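Have a look below at one chain only, the form deposited in one PDB entry, in structure tokens format.
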């Protein structure tokens, strides 16, 4: 009923491997997220190819973080084949708007990083985490990316942004994260990565993680 969507973080370097996994998991995942390490090797052709294959939403996790003019150019090339793009809010409103303006014309999505979970985030990013979710709400982006390391914190984030959230659905070991599925709904996404893509049988893993969402 109110089960979140399953987003695969397809963090492999080899395009053949990436394509094999996509074909294998397409019936169980709702979205595929690709980043620069995969895309940088051969360019955006891989996003196009992933799209010839699965007919599911493809999100480019490119952490866009430049001036408006450059953000616009990155957005245009990226959203040619991707369905959505992930941007930083820390570079300011105008930079985010530049990406949104491109996405709107294409009926595609802009997703803002409001909060991160690596240790270094504590210094400058975390102090403004609420300011970022407020800006995501103001600009009406399509979704935000934020951590699930603290369920109570995830609830606070959703309540400020009032937007779909994309968040990890499993911990560092690949096990279920407790007490977040009751916070999320059918417009949110949970991310699973290595626990699927490092398997020799990614289909069975994707099936397992999809069923985990009840």
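Residue numbers count along the first chain shown, from 1. Note that the rigid core is defined as the largest set of C-alphas that superpose within 1.5 Å between two forms.
From this point on, the text means the form deposited in another entry, which you will not see here.
Just one of 178, 45, 156, 185 moves its Cα by 2 Å or more between this form and the one not shown on a rigid core overlay, and this residue is 178. Note: residue 171-residue 206 Cα separation is 3 Å or more shorter in the other entry than here. Relative to this conformation, a decrease of 3 Å or more in the Cα-Cα distance between residue 160 and residue 175 is found in the other entry.
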